[PDB]
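So this first bit is one chain, no partners, the form deposited in one PDB entry, shown in structure tokens.
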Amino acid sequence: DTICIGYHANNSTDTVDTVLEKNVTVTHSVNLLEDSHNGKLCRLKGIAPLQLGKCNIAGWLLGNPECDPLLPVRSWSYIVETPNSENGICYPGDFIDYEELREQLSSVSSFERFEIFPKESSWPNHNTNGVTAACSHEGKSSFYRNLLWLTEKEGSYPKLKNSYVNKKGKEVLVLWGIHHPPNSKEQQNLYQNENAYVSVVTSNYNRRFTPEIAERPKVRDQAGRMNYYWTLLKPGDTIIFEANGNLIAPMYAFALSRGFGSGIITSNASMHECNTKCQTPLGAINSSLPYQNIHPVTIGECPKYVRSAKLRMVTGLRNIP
């Protein structure tokens, strides 16, 4: 007549590492490291992303005509650029403080694209039809959808000065560009005054531009270039443009709303009808476990990224059958 003490054993092959021992077979364990993704771009807390397709941020904002136009009002949970978006700054030049603008839009949840200066009533006695082959659409030479090339009309470039007052209750992002012809002769034939000047003012922004004429190596077969500038007109403030040449006037601007939890990712995954709390450039994640070795770039409530291949916590016993 005997009685015995013992402990549970089963057929589990789960193994966990300890300090003193490595391949320890245990009766039960729980995994803490998520390593699986669905390979899809999915909605985030019920909101679809904003996909730019062939355009990057610069091409979309400036209005590169090669990119399928987006609806006038859009709202997203995160922005997706694709790795090699062919369309961007199509007429050569530098996008001044571009990275800061990317960072700004990293917290934007909304845009309304609205006409700020209509083509036919904002710049009288100037020609609004300038195009170029550097930004071609449908084979023929074109120009940005959100800007307007102001040229001389009938041999004269009168001094223009226009204004906008922000009555949208939100920040309005305004972009424009300044042209730099390669030779003086072009500046003459385009704006008629060699010493032209542009001035853009708000209550907290202030800049004055003067065309810098110099022969430059031709990029997209353009020896002259075109700088692009931007600003955030606060609610109630006024933006003032004054010029006598070289100004690439704004036509469409954006009324922005600010949100939480968004960002910009580069991904060549495709949008599916799905929903997650955690998006990575490779796919969605279940945000249930504390760690993930999928991608350091995450958007949403997401496990902490680590380099480990295995994080497994034993709950059962040492399996000795």
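Residue positions are given as counts along the sequence shown, with the first one as 1. Superpose the two forms; the largest set of C-alphas matching within 1.5 Å is the rigid core.
We do not show the form deposited in another entry, though everything after this point is about it.
Once the cores line up, the CA of residue 118 ends up less than 2 angstroms apart between this form and the one not shown. Once the rigid core is overlaid between this form and the one not shown, residue 296 does not reach a Cα shift of 2 Å, moving by less than that. The Cα shift for residue 33 between this form and the one not shown, taken after rigid core superposition, is smaller than 2 angstroms. In contrast to the form presented, in that other deposited form the C-alpha positions of residue 237 and residue 72 spread farther apart by 3 Å or more. Between this form and the other one, the CA-CA gap for residue 62 and residue 71 narrows by 3 Å or more, being smaller in that other deposited form.
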